[PDB]
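J.: For reference, this is input_29.txt, and it has compact mmCIF, C-alpha atoms.
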```txt
# COMPACT_ATOMS: atom_id res chain seq x y z
CA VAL A 223 -12.18 7.14 40.99
CA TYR A 224 -13.62 3.94 42.49
CA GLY A 225 -11.15 1.77 40.65
CA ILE A 226 -7.70 1.88 39.04
CA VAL A 227 -6.84 4.63 36.50
CA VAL A 228 -4.19 4.14 33.79
CA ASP A 229 -2.48 7.25 32.42
CA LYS A 230 -1.75 6.18 28.81
CA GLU A 231 -3.89 6.67 25.67
CA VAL A 232 -5.19 3.53 23.86
CA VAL A 233 -2.94 1.99 21.23
CA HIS A 234 -5.14 2.13 18.11
CA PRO A 235 -8.16 4.33 17.17
CA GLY A 236 -9.93 1.33 15.67
CA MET A 237 -10.48 -0.25 19.09
CA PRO A 238 -13.45 -0.39 21.47
CA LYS A 239 -13.20 2.76 23.59
CA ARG A 240 -15.83 1.41 26.06
CA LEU A 241 -16.40 -2.26 27.02
CA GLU A 242 -19.28 -3.59 29.16
CA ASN A 243 -18.24 -6.21 31.70
CA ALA A 244 -14.54 -6.45 30.79
CA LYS A 245 -12.09 -9.28 31.44
CA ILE A 246 -8.65 -7.67 31.80
CA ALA A 247 -5.50 -9.52 30.75
CA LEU A 248 -2.34 -8.23 32.49
CA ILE A 249 0.25 -9.37 29.97
CA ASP A 250 3.79 -8.52 30.97
CA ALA A 251 6.13 -9.43 28.12
CA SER A 252 7.34 -8.58 24.60
CA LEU A 253 4.50 -8.20 22.08
CA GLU A 254 6.05 -7.00 18.80
CA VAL A 255 7.32 -8.62 15.59
CA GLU A 256 10.52 -10.53 16.39
CA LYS A 257 13.58 -8.83 14.92
CA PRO A 258 14.87 -11.84 13.01
CA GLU A 259 18.31 -10.42 12.22
CA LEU A 260 19.92 -11.68 15.43
CA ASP A 261 18.46 -15.13 14.84
CA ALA A 262 19.62 -15.11 11.22
CA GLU A 263 21.59 -13.24 8.57
CA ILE A 264 20.52 -14.38 5.12
CA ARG A 265 20.41 -13.59 1.45
CA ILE A 266 17.36 -13.39 -0.91
CA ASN A 267 16.63 -13.93 -4.62
CA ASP A 268 13.03 -13.78 -5.97
CA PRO A 269 9.79 -12.16 -4.50
CA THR A 270 8.24 -15.60 -4.01
CA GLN A 271 10.57 -15.95 -0.97
CA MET A 272 9.68 -12.49 0.35
CA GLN A 273 5.96 -13.13 0.82
CA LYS A 274 6.19 -16.42 2.69
CA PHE A 275 8.82 -14.66 4.82
CA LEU A 276 6.88 -11.61 6.07
CA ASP A 277 3.65 -13.58 6.04
CA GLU A 278 4.61 -16.30 8.51
CA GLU A 279 6.65 -13.74 10.48
CA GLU A 280 3.46 -11.67 10.81
CA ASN A 281 1.58 -14.82 11.74
CA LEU A 282 4.15 -15.42 14.50
CA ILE A 283 2.92 -12.41 16.55
CA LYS A 284 -0.73 -13.20 15.80
CA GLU A 285 0.09 -16.46 17.55
CA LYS A 286 0.97 -14.83 20.83
CA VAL A 287 -2.20 -12.73 20.40
CA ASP A 288 -4.51 -15.74 19.83
CA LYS A 289 -2.76 -17.65 22.62
CA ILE A 290 -3.74 -14.78 24.93
CA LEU A 291 -7.25 -14.32 23.54
CA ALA A 292 -7.35 -18.09 24.23
CA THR A 293 -8.68 -17.01 27.60
CA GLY A 294 -11.06 -14.61 25.92
CA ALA A 295 -10.25 -11.21 27.34
CA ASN A 296 -12.08 -7.99 26.46
CA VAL A 297 -9.04 -5.91 27.22
CA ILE A 298 -5.29 -6.56 27.32
CA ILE A 299 -2.58 -4.13 28.60
CA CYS A 300 1.19 -4.66 28.90
CA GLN A 301 4.40 -2.88 29.90
CA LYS A 302 6.34 -3.05 26.63
CA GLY A 303 6.12 -1.73 23.05
CA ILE A 304 3.25 -3.28 21.03
CA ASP A 305 3.79 -3.82 17.30
CA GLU A 306 1.80 -1.58 14.93
CA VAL A 307 0.79 -4.57 12.77
CA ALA A 308 -0.36 -6.40 15.92
CA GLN A 309 -2.56 -3.40 16.59
CA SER A 310 -4.43 -3.74 13.30
CA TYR A 311 -4.98 -7.36 14.33
CA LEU A 312 -6.32 -6.57 17.81
CA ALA A 313 -8.28 -3.77 16.19
CA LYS A 314 -9.95 -6.18 13.76
CA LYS A 315 -10.59 -8.55 16.70
CA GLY A 316 -12.32 -5.90 18.79
CA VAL A 317 -9.86 -5.79 21.72
CA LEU A 318 -8.80 -2.76 23.80
CA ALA A 319 -5.02 -2.66 24.29
CA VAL A 320 -2.56 -0.23 25.93
CA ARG A 321 1.16 0.31 25.11
CA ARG A 322 3.99 0.63 27.63
CA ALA A 323 2.68 1.28 31.17
CA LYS A 324 4.75 1.52 34.41
CA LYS A 325 4.76 -1.92 36.14
CA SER A 326 4.09 0.33 39.16
CA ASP A 327 0.38 0.38 38.20
CA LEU A 328 0.01 -3.11 36.75
CA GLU A 329 0.37 -4.51 40.25
CA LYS A 330 -2.09 -1.98 41.80
CA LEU A 331 -4.41 -3.03 38.96
CA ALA A 332 -3.57 -6.72 39.46
CA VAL B 223 -25.44 -14.78 -30.65
CA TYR B 224 -25.74 -11.20 -31.94
CA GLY B 225 -22.25 -10.33 -30.81
CA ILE B 226 -18.89 -11.92 -30.01
CA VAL B 227 -18.69 -14.90 -27.60
CA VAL B 228 -15.54 -15.67 -25.57
CA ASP B 229 -14.99 -19.27 -24.47
CA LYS B 230 -13.10 -18.77 -21.17
CA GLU B 231 -14.49 -18.50 -17.61
CA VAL B 232 -13.95 -15.19 -15.71
CA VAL B 233 -10.75 -14.83 -13.73
CA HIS B 234 -12.05 -14.22 -10.20
CA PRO B 235 -15.41 -15.02 -8.50
CA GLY B 236 -15.41 -11.64 -6.79
CA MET B 237 -16.01 -9.81 -10.07
CA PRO B 238 -19.12 -8.35 -11.73
CA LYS B 239 -20.66 -11.21 -13.70
CA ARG B 240 -22.98 -8.79 -15.58
CA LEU B 241 -22.21 -5.17 -16.56
CA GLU B 242 -24.68 -2.67 -18.07
CA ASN B 243 -23.26 -0.59 -20.90
CA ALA B 244 -19.68 -1.93 -20.85
CA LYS B 245 -16.50 -0.32 -22.17
CA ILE B 246 -14.20 -3.18 -23.21
CA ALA B 247 -10.42 -2.83 -22.98
CA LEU B 248 -8.55 -5.22 -25.32
CA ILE B 249 -5.22 -5.36 -23.51
CA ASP B 250 -2.66 -7.54 -25.22
CA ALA B 251 0.41 -7.81 -23.02
CA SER B 252 1.93 -9.25 -19.82
CA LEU B 253 -0.18 -8.56 -16.72
CA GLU B 254 1.44 -10.43 -13.81
CA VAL B 255 3.94 -9.64 -11.05
CA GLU B 256 7.37 -9.18 -12.64
CA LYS B 257 9.71 -12.04 -11.80
CA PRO B 258 12.51 -9.92 -10.38
CA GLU B 259 15.15 -12.66 -10.31
CA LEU B 260 16.37 -12.02 -13.85
CA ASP B 261 16.62 -8.31 -13.13
CA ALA B 262 18.45 -8.97 -9.86
CA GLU B 263 20.02 -11.61 -7.63
CA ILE B 264 20.32 -10.30 -4.09
CA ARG B 265 20.71 -11.15 -0.45
CA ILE B 266 18.46 -10.21 2.54
CA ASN B 267 18.86 -9.59 6.29
CA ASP B 268 15.93 -8.33 8.42
CA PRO B 269 12.06 -8.40 7.79
CA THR B 270 11.99 -4.61 7.49
CA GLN B 271 13.52 -5.10 4.00
CA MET B 272 11.01 -7.82 3.07
CA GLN B 273 7.88 -5.69 3.41
CA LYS B 274 9.02 -2.69 1.39
CA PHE B 275 10.15 -5.27 -1.19
CA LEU B 276 6.91 -7.20 -1.83
CA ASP B 277 4.86 -4.08 -1.17
CA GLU B 278 6.27 -1.88 -3.92
CA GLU B 279 6.59 -4.95 -6.17
CA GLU B 280 2.84 -5.52 -5.68
CA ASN B 281 2.26 -1.82 -6.32
CA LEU B 282 4.16 -2.20 -9.61
CA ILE B 283 1.38 -4.34 -11.18
CA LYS B 284 -1.36 -2.16 -9.67
CA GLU B 285 0.32 0.56 -11.72
CA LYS B 286 -0.31 -1.13 -15.03
CA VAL B 287 -3.87 -1.77 -13.80
CA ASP B 288 -4.56 1.89 -12.88
CA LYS B 289 -2.85 3.05 -16.08
CA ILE B 290 -5.41 0.96 -17.97
CA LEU B 291 -8.39 1.91 -15.81
CA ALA B 292 -7.09 5.42 -16.64
CA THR B 293 -9.47 5.14 -19.57
CA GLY B 294 -12.18 3.85 -17.28
CA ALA B 295 -13.17 0.48 -18.68
CA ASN B 296 -15.91 -1.74 -17.26
CA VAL B 297 -14.24 -4.84 -18.59
CA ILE B 298 -10.68 -5.78 -19.55
CA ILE B 299 -9.56 -9.05 -21.29
CA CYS B 300 -6.08 -10.09 -22.45
CA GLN B 301 -4.19 -12.98 -24.05
CA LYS B 302 -1.67 -13.78 -21.31
CA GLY B 303 -1.61 -15.06 -17.71
CA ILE B 304 -3.06 -12.58 -15.18
CA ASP B 305 -1.53 -12.48 -11.69
CA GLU B 306 -3.67 -13.83 -8.83
CA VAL B 307 -2.87 -10.80 -6.64
CA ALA B 308 -3.83 -8.50 -9.54
CA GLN B 309 -7.16 -10.30 -9.56
CA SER B 310 -7.94 -9.39 -5.95
CA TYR B 311 -7.18 -5.82 -7.01
CA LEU B 312 -9.46 -5.82 -10.06
CA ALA B 313 -11.98 -7.65 -7.91
CA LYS B 314 -11.93 -4.88 -5.29
CA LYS B 315 -12.18 -2.32 -8.13
CA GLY B 316 -15.27 -3.92 -9.64
CA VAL B 317 -13.79 -4.89 -13.03
CA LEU B 318 -14.56 -7.98 -15.15
CA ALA B 319 -11.36 -9.60 -16.47
CA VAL B 320 -10.55 -12.74 -18.50
CA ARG B 321 -7.30 -14.79 -18.51
CA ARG B 322 -5.49 -16.12 -21.57
CA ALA B 323 -7.70 -16.00 -24.70
CA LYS B 324 -6.69 -16.91 -28.31
CA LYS B 325 -5.67 -13.70 -30.16
CA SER B 326 -7.85 -15.32 -32.83
CA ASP B 327 -10.94 -13.90 -31.07
CA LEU B 328 -9.51 -10.64 -29.74
CA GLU B 329 -9.40 -9.34 -33.30
CA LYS B 330 -12.96 -10.56 -34.14
CA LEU B 331 -13.95 -8.80 -30.91
CA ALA B 332 -11.81 -5.75 -31.76
CA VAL C 223 -8.73 37.09 4.10
CA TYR C 224 -11.92 35.12 4.78
CA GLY C 225 -10.12 31.82 4.56
CA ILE C 226 -6.66 30.28 4.94
CA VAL C 227 -3.66 31.79 3.08
CA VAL C 228 -0.59 29.71 2.13
CA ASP C 229 2.71 31.54 1.70
CA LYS C 230 4.42 29.39 -0.99
CA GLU C 231 4.36 29.79 -4.80
CA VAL C 232 2.77 26.97 -6.88
CA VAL C 233 5.02 24.11 -7.93
CA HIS C 234 4.75 24.22 -11.73
CA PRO C 235 3.76 27.03 -14.18
CA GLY C 236 1.74 24.58 -16.24
CA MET C 237 -0.91 24.23 -13.53
CA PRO C 238 -4.35 25.78 -12.99
CA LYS C 239 -3.72 29.06 -11.17
CA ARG C 240 -7.45 29.42 -10.34
CA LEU C 241 -9.94 26.58 -9.66
CA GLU C 242 -13.72 26.95 -9.23
CA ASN C 243 -15.18 24.88 -6.41
CA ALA C 244 -11.98 23.11 -5.29
CA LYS C 245 -11.60 19.86 -3.36
CA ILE C 246 -8.36 20.18 -1.36
CA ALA C 247 -6.24 17.12 -0.58
CA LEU C 248 -3.98 17.60 2.47
CA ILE C 249 -1.33 15.01 1.69
CA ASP C 250 1.37 14.76 4.32
CA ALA C 251 4.07 12.39 3.11
CA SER C 252 6.95 11.81 0.66
CA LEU C 253 6.01 12.52 -2.96
CA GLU C 254 9.20 12.20 -5.05
CA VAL C 255 10.92 9.47 -7.08
CA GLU C 256 12.23 6.82 -4.68
CA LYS C 257 16.01 6.88 -4.45
CA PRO C 258 16.56 3.23 -5.31
CA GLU C 259 20.22 3.07 -4.28
CA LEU C 260 19.50 2.19 -0.66
CA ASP C 261 17.12 -0.54 -1.75
CA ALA C 262 19.64 -1.86 -4.27
CA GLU C 263 23.17 -1.56 -5.62
CA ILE C 264 23.37 -3.10 -9.08
CA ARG C 265 25.25 -3.28 -12.33
CA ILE C 266 24.01 -2.62 -15.92
CA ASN C 267 24.84 -3.80 -19.45
CA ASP C 268 22.70 -2.73 -22.46
CA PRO C 269 20.21 0.26 -22.92
CA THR C 270 17.28 -2.15 -23.14
CA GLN C 271 17.61 -2.52 -19.33
CA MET C 272 17.83 1.25 -18.79
CA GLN C 273 14.43 2.12 -20.27
CA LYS C 274 12.35 -0.44 -18.41
CA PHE C 275 14.22 0.75 -15.30
CA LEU C 276 13.49 4.50 -15.35
CA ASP C 277 10.12 3.87 -16.95
CA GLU C 278 8.58 1.72 -14.22
CA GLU C 279 10.42 3.80 -11.59
CA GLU C 280 8.68 6.89 -13.02
CA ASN C 281 5.42 4.96 -13.06
CA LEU C 282 5.95 4.22 -9.35
CA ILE C 283 5.39 7.89 -8.35
CA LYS C 284 2.52 8.29 -10.82
CA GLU C 285 0.96 5.50 -8.76
CA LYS C 286 0.90 7.50 -5.56
CA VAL C 287 -0.46 10.41 -7.64
CA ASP C 288 -3.34 8.38 -9.18
CA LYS C 289 -4.04 6.76 -5.81
CA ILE C 290 -4.58 10.27 -4.45
CA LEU C 291 -6.50 11.58 -7.46
CA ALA C 292 -8.54 8.41 -6.75
CA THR C 293 -10.60 10.72 -4.59
CA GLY C 294 -10.67 13.29 -7.35
CA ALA C 295 -9.18 16.43 -5.86
CA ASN C 296 -8.81 19.74 -7.68
CA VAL C 297 -5.87 20.72 -5.56
CA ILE C 298 -3.26 18.82 -3.54
CA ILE C 299 -0.64 20.37 -1.15
CA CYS C 300 1.94 18.63 1.05
CA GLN C 301 4.78 19.34 3.47
CA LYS C 302 7.68 17.66 1.67
CA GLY C 303 9.67 18.00 -1.58
CA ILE C 304 7.65 17.12 -4.71
CA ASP C 305 9.49 15.48 -7.62
CA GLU C 306 9.97 17.59 -10.76
CA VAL C 307 8.83 14.72 -13.01
CA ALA C 308 5.73 14.29 -10.81
CA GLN C 309 5.02 17.94 -11.49
CA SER C 310 4.87 17.46 -15.26
CA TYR C 311 2.40 14.67 -14.50
CA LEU C 312 0.15 16.75 -12.23
CA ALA C 313 0.57 19.55 -14.74
CA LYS C 314 -0.72 17.35 -17.58
CA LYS C 315 -3.56 16.20 -15.27
CA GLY C 316 -4.68 19.74 -14.48
CA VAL C 317 -4.01 19.71 -10.72
CA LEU C 318 -2.78 22.59 -8.52
CA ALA C 319 0.01 21.46 -6.17
CA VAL C 320 2.26 23.19 -3.61
CA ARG C 321 5.77 22.14 -2.43
CA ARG C 322 7.00 22.06 1.16
CA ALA C 323 4.69 24.01 3.51
CA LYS C 324 4.98 24.32 7.34
CA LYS C 325 2.71 21.68 8.97
CA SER C 326 1.84 24.70 11.13
CA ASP C 327 -0.62 25.83 8.40
CA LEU C 328 -1.79 22.45 7.12
CA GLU C 329 -3.67 21.96 10.37
CA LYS C 330 -5.18 25.51 10.34
CA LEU C 331 -6.19 24.67 6.76
CA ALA C 332 -7.37 21.18 7.77
```
How does this structure look as structure tokens?
T.:
Amino acid sequence: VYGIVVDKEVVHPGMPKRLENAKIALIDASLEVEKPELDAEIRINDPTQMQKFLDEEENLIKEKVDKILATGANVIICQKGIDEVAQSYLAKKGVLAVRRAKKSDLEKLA
Amino acid sequence: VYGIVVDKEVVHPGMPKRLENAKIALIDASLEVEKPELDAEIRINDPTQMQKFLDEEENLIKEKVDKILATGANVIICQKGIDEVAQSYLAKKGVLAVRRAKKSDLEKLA
Amino acid sequence: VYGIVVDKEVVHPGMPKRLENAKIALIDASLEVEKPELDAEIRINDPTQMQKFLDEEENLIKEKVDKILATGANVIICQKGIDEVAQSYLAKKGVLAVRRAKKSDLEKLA
């Protein structure tokens, strides 16, 4: 093939499986909801607290995503586990993303 | 007017503001997310717990809604406060619902 | 046989043992009352609390059932254990359901 070839299926079926003139974004770092247990141990009372908890926590990952799309990339691949909720987000955005992928090829693709 | 007239604006803008051949459902009872604090006081750790908490709790109200639509009514009005999340549900279902309304007229409409 | 054949007796005797023009619903997932112990550990006082507890908890499973019948299927089979209370519900609804069944055949039937 006259270009790099990545052996790993796309992350979500709701993503563009063919982009014209792409702008790859080699993102090497954690891209999944932050386990918040280590940061905090806490109690809970009413459901009012629940919502604003999982909502902003979900918006935390969308941040990293927008901060990356801030460059406007058609495709984005990384070498770590990508959150399943973050997939539905990238899916709704129209991005093509790939899960874990040996750093071994990111460079050759770099 | 050759029929009953209810003085109270519809609950959500995303609802049918005109139904042909309607099948009214006079539902007199509580139709909002159940405050769960009285039932329980509890702590919380990780976000994994959050989701399944607000999710099933949201599905609890949708239950009452489906149990009512179980008769298949085009419109449903009650005399109590209707949850705002339950509105988005009825809105997506294509139902016409009305908030609090003096029992005084429910009967005349009955 | 000129079609798929499932080796597993029906779930409840009160169900249609012969449907004309069926609309199969291959549901692969948990379909039984949710053990609520893991979610919560709690105390109890009076019987007033009991009712509203087992009632809504029973209505929780009926939700999944209605959400599936939302497509209007004559028959529904899965590969997990189906609650016995959920059977009386499907039985009263006039649905034909089957208990655990090797995924091996769900696909061939898919």
J.: Quick one, how far is atom CA of residue 309 of chain C from atom CA of residue 289 of chain C?
T.: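 Calculated distance between atom CA of residue 309 of chain C and atom CA of residue 289 of chain C is 15.5 Å.
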J.: For a quick check of understanding, using all atoms listed in the file, which of A:240, A:271, A:249, A:225 has the smallest distance to chain B?
T.: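 Using all atoms listed in the file, chain B sits closest to A:271.
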J.: With distances taken over only C-alpha atoms, which of A:268, A:242, A:231, A:250 is nearest to chain B?
T.: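 The answer is A:268, which sits nearest to chain B.
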J.: May I ask you to extract the residues of chain C within 9 Å of chain B, using all atoms listed in the file, and to give them as a count of residues only?
T.: 12
J.: Between atom CA of residue 267 of chain C and atom CA of residue 265 of chain B, what distance in Å does the model show, to one decimal?
T.: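 Pair atom CA of residue 267 of chain C / atom CA of residue 265 of chain B returns 20.8 Å.
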J.: With all atoms listed in the file as the atoms that count, which of A:245, A:257, A:325, A:315 lies nearest to residue 297 of chain A?
T.: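 Among A:245, A:257, A:325, A:315, it is A:245 that comes nearest to residue 297 of chain A.
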J.: Closest to residue 246 of chain C among C:303, C:326, C:312, C:331, using all atoms listed in the file?
T.: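 The answer is C:331, which sits nearest to residue 246 of chain C.
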J.: Nearest to residue 301 of chain A among A:320, A:332, A:244, A:233, with distances taken over all atoms listed in the file: which residue is it?
T.: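 Among the listed residues, A:320 lies closest to residue 301 of chain A.
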